[PDB]
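Derivation of every value follows stated rules applied to the coordinates shown; laboratory data play no part. Positions of Cβ are backbone-derived with ideal geometry, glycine not excepted, and every protein chain shown enters the neighbour counts.
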Number of protein chains: 4
Amino acid sequence: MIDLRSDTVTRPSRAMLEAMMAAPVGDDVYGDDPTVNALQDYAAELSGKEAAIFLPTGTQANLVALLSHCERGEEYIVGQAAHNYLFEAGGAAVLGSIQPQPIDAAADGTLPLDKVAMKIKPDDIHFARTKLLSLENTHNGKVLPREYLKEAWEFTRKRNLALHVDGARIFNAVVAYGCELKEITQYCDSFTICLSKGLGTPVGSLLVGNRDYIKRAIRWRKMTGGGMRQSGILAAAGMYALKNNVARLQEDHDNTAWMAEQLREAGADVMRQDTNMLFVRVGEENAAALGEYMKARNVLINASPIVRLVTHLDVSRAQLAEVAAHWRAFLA
Amino acid sequence: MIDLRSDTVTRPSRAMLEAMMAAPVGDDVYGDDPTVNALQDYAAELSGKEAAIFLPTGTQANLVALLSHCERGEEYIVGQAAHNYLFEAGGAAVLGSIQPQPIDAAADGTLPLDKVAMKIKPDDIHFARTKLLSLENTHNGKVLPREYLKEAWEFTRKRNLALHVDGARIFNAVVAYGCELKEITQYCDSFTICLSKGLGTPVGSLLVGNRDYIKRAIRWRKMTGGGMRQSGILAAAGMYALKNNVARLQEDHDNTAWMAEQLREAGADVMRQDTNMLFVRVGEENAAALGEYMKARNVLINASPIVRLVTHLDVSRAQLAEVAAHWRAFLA
Amino acid sequence: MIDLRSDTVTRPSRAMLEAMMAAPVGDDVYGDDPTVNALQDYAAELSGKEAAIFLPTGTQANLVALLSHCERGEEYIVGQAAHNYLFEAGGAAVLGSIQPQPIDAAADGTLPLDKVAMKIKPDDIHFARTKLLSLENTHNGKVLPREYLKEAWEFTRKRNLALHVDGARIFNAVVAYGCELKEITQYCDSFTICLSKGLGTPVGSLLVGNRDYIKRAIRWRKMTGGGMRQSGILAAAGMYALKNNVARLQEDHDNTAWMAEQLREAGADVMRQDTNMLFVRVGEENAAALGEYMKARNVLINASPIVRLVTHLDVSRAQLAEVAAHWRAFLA
Amino acid sequence: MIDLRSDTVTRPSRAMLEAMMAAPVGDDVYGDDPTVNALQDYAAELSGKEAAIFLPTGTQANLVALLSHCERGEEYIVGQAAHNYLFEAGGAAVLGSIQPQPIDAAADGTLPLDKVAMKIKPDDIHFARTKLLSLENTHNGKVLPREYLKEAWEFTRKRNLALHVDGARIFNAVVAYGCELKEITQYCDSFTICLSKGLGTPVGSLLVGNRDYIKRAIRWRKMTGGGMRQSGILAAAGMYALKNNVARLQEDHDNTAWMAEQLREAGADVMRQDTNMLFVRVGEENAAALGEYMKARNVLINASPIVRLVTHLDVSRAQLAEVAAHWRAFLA
Ligand code: NA
Ligand code: NA
Ligand code: NA
Ligand code: NA
Ligand code: NA
Ligand code: NA
């Protein structure tokens, strides 16, 4: 099967699986898992932060992050198209009692500080209390301008707002920046990391920040049901991932750059390509048609007027060459 | 002194007070207040709706309407600048567990239906469940196009969405249209009426809609603490207003257009005026000095880079004339 | 028309109505209402507290009280039959995301302190964070022992918990104690006052406490929809009542005492008599019968196996003399 | 290392680790994981229910169960000492806006049905809407009488209440009953199964019920953050444990009874023994000393004046013999 729907579809490697069946464990609720504790310490260490907390999914990572930054009645300025605003069913509001304030992102995927400023609420009882600024790095594959990251940090310190970055794909961003994770993590109060997507873990995400902050996050994770027991067997894949699956995202980047090339030259209307994603304007009259085609041929994609193809460790250039072929076929 | 911060400042007239002191009361929680019952019945019948409920304020009116329409986890599409998203401290989200989907209204005060449609969430566990479309007639003075009021209603029926209209100033819209309330209210499942502003009442709002819908509103009204006792006395002022202070709203609208032309001649930069409101481009430099200047001369106005002047029954043209004079001499 | 259902049915005296009509008013959202300001300033001073806030109802006074005391995730220990746990539809939990921890009260109406200590949750991530102890003075007529009021105050100072008192009928308790209000209010962090019951106003309650605590309350009041405009009309009723209607509460007490004896000798099974209330065991077999019987005689009571009769300024001894006569007849 | 803290400390056996590694997996959010699907189908049929859903923890299992049964403003009657009320930080009230109505459980572990009846709120606006009755079978080791299980079911059928059973240790009960699971789950609308406790799994729980009920459960599971990706690996242990670690549960019961007799002869005051649990009255004086004394001998226990010792598949009788030996010596 050729799965191009998302990078979430990545399956454990032999080496990753061996690391899991071997890793030592304990009861994480009790704080006994050595492997879970080593993954937390590692990550915090790597980003220049005090602590880290392992989570079931990136969704919870974000739900807990927001609950930890904002109190009942506070607000977070976020993207109109951000995951922790749109793709998490409004958990922040529904469950967290936090007021979401969405605004459109600029083309490069950043949230214009000028527009952000206009949304910060006066200290007036008619308004929700603006507390946090939430960014998403590698927003739909888009890499935020490094310098932007620094401005957003300075801007929030001046206005006493917290800055949180949803880094479900922050490593695709580090590889593209060609820098140290620390170099960018230094410009945010807290951030997340998904291990189950490009990094290739079966499950898992991390929440990184200061100790006190992460201390509240533990409570919120417990209430939301994310505190597992012998989770070390899962965190084992997580360390393996961090230590061996990061550089290789460059291969995924190269592959989607290659794919865009094939399709452009194959008639396809390539709208853009960023890191490990590329978009094609398929049209409405073919959205479902192209999906069927590709599916009948063991190629999975999410059919729609604008199709998002995503690369990861479970799809080669050979496999891409085939999708290219079929796509060209379809158009003829 | 001259109050132009808002029409919420209007005070009870002699005749209105007499109606209040003479009103027959009961215990509204038991449902024994005849005058409260009367106000609610009049309003319902007047708009072609089955029921109506009396609330302490317009804010609770909307809070109760949004809770009555949306379940925990449902979402409402609303204006980024609409009172029930922005000016109510995020109550829908915070207190009701409802996900808000704000979008920018068009220049005429309408929420573009093409934009609304794009914000309607697919039936996917990743999204909040879109359930209601909230409108506001007379949005910052702006009277919504009547034809709009019909497409909106049609649009929501075709897409199984409730439609609620925040009518704090719905009568300024009605007086402006030159039609009966029924003609525009026929186009909504539920709407709201504010008695404490233009209509001169000291307190009070009405939430109007279907019988079964208003029945839930009572539970939510009790809970949010708005179920009062011998409130018929307050409801009394509502009857007096609905029957005597609707027509003269026209007096407010004329006093506003005339003031817009006077501030122009005085060199001030009038940005626009709609019904009982106008906004002047003051600037960050004079913003705070101007409110001070006006306050020292007995003119209360909400000082701000852009100044909104609101006219109502406690502010005459003579008084307005003097404000034009002060404004002119302030620019010297 | 003898109304014995509750003291909420009390109606405005002539002296009261006149004051109301005369009260100067303003816009309370702007804080421009002299009467409201005057009301809040008297209640605070009379109790030796810093500030006070006027609310539409007692339910909202307690809901705001609880919001201002407990953050999302915190907890309040309370009585199983207490009004802010059982009788406000659980808004504290439903609206404010507060965990309620009820225990049963002793016969005297107090919450056994050894029982409260047993419910104070350990600082562990499995538990909600106990923060406040809520008492109810004059709990179904019952006057809490004064010593217990001090003991509970010392108990909460010791275990660092906030202490709030629902004082809907706190004046019934004060008049029973025979002391000044400040002598018992000095034993709580915040307390409420209902003006619409024994004190007999049409509307109103007050939440009283430290100025910063009350500042949060103002915010919660706006969000819950209790931010009225020209509410000085209602607040004047409040001042009048605190000036003229406190002392007479002794009259309703003596009337209850009287009535209880009568029903006793008439062969009625009077279960308990406290301040302005008395309960009678009537039975499942007479519940309906009695209510109807009394209704045909213009006597309003809440029928049930156990009838609660409440006395107030609108029930004279002479009328009670009638009721006892009918009840006797009823039992014959 | 002897661990008697809980049965949550069980770790994977070699056979269970092989199952996990060999398990075919897919993406669970898309519904492509064959092992998760099988785990869920299996539990459904074994219990007589239409659907089942795998969650990361027994807590999320109950939060989602609660949210799926009670809408905003509704309420569940539950045990004062129940896990979904006491040990889950109040998530039901905090996140779900659901009002809890706890009550003391009888000595045998059941919630007196007659007690439950007095807590079902009349349909009146002052009260929250009673919707669900929640039980916990094997409540602190206590096996609820089967007659009770049937009675509660009928009672709830008559009163039209949903009945949910928290079954984190439902197999301990099944084995004590000597009946098939189906014979007890036939008496509830929904129930959970914990895999990571006595059953020996690393992580995981199940929530079983109707297909509609579970469909909403999938929505809440996503918002709360339990929608993992390739969780088939985790779920494989689940099938293994359900097919192999159920009957051996009797051994833990026998060991537990046996140990209790050892500790008695050793001079300890054993208060109670049920299924795989037993309690010792150690005393506030020896609690800390005891925990340490054992710790020094590689025996982990949760010290307290009353020590709960839990037996599981990772503690044999030989080890229990060692432990009683240290205890006899401690006492001396
Ligand atoms: Na994966
Ligand atoms: Na007014
Ligand atoms: Na909420
Ligand atoms: Na809540
Ligand atoms: Na009254
Ligand atoms: Na385990």
Whole-Hz Karplus ³J(HN,Hα) for the range C:50-63, in order, using 6.51 cos²θ - 1.76 cosθ + 1.60 and θ = phi - 60°, x for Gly and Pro?
6, 9, 8, 9, 8, 10, x, 9, x, 4, 5, 5, 7, 4
Between D:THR138, D:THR156, D:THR224, which gets the highest mean-square fluctuation from a Gaussian network model of chain D, Cα cutoff 10 Å?
D:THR224
Translational diffusion coefficient (Stokes-Einstein; Kirkwood radius from C-alpha pairs) of chain B at 37 °C, 0.692 mPa s, in µm²/s
158 µm²/s
Treating only the Cβ atoms of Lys and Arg (+1) and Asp and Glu (-1) as charged, compute the dipole magnitude of chain B about its Cα centre; round to the nearest 20 debye.
320 debye
Neighbour-count ranking [beta-carbon atoms within 10 angstrom, fewest first] of D:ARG308, B:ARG157
B:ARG157, D:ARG308
What distance in nm separates the two pseudo spin-label positions at C:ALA289 and A:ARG211, each 7 Å out from Cα along the beta-carbon direction?
7.4 nm
Under the rule of at least 5 residues apart or a separate chain, name every residue whose amide H is placed under 5 Å from the amide H of C:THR130.
C:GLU75, C:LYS121
Sort B:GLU18, C:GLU292 so that the residue with the fewest other Cβ atoms within 10 Å of its own Cβ comes first and the one with the most comes last.
C:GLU292, B:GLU18
What are the ³J(HN,Hα) values, in whole Hz, obtained from phi via the Karplus relation 6.51 cos²θ - 1.76 cosθ + 1.60 with θ = phi - 60°, for each residue of the range A:67-78 in sequence order, with x given for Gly and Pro?
4, 6, 8, 10, 8, 3, x, 8, 10, 10, 7, 8
Take B:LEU39, C:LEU86 and order them by how many other Cβ atoms sit within 10 Å, fewest up front.
C:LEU86, B:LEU39
Find the centroid of the Cα atoms in the range D:115-144 and in the range A:238-305, then give the distance between the two in whole Å.
52 Å
11 Å cut-off, amide nitrogen to a point 7 angstrom out along B:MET21 Cα→Cβ, residues in the range B:205-241
none
Return the distance in nm (one decimal) between the two label points of a simple spin-label model at B:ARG328 and A:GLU147, each offset 7 Å from Cα along Cα→Cβ.
5.1 nm
Chymotrypsin sites (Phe, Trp or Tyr not before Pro) within the range C:23-100, DSSP loop, no more than 15 other Cβ atoms inside 10 Å
C:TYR30
Rank D:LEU55, D:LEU113, D:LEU313 by mean-square fluctuation in a GNM of chain D with C-alpha springs under 10 angstrom and give only the top-ranked residue.
D:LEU113
In Hz, Karplus ³J(HN,Hα) per residue of the range C:286-296 (6.51, -1.76, 1.60; θ = phi - 60°; x = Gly, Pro):
10, 2, 4, 3, 3, x, 4, 3, 4, 4, 4
Reduced Cα scattering model of the range B:131-270, Debye log10 I(q)/I(0), q = 0.10, 0.17, 0.21 Å⁻¹
-0.42, -1.04, -1.33
Suppose we consider the axis relating copy A to copy B; can you name the residue of A with the nearest Cβ and state that distance in angstrom as an integer?
A:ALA93, 2
Where the label is 7 Å out from Cα toward Cβ, how close does C:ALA289 come to the same position in every other copy, in nm, shortest first?
6.9, 8.3, 8.6
Under 26 Å Cα-Cα from B:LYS182, which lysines qualify once same-chain neighbours fewer than 8 residues away are excluded?
B:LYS49, B:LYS131, B:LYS142, B:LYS150, B:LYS158, B:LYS197, B:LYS215, B:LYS243
Position A:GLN80, label points 7 Å along Cα→Cβ, spacing to each other copy in nm (shortest first, one decimal):
0.6, 5.4, 5.4
Mean shadow area of the protein assembly as shown, taken as a quarter of the surface of its Cα convex hull (nm²):
52.6 nm²
Which Rg and Dmax, in Å, describe the Cα atoms of the range B:205-332?
19.8, 60
Once you have the Kirkwood Rh of the range D:70-179 from its Cα pairs, apply Stokes-Einstein at 25 °C and 0.890 mPa s and quote D in µm²/s.
172 µm²/s
Which residue, C:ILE53, C:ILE125, C:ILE301, has the most motion in a Gaussian network model of chain C that connects Cα atoms within less than 10 Å?
C:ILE125
Long-range amide H partners of A:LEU300, meaning residues 5 or more apart or on another chain whose placed amide H is closer than 5 Å, are A:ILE2, A:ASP3, A:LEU4
Quick calc: nm separation of the 7 Å Cα→Cβ label points for C:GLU50 and D:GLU251 -> 6.4 nm
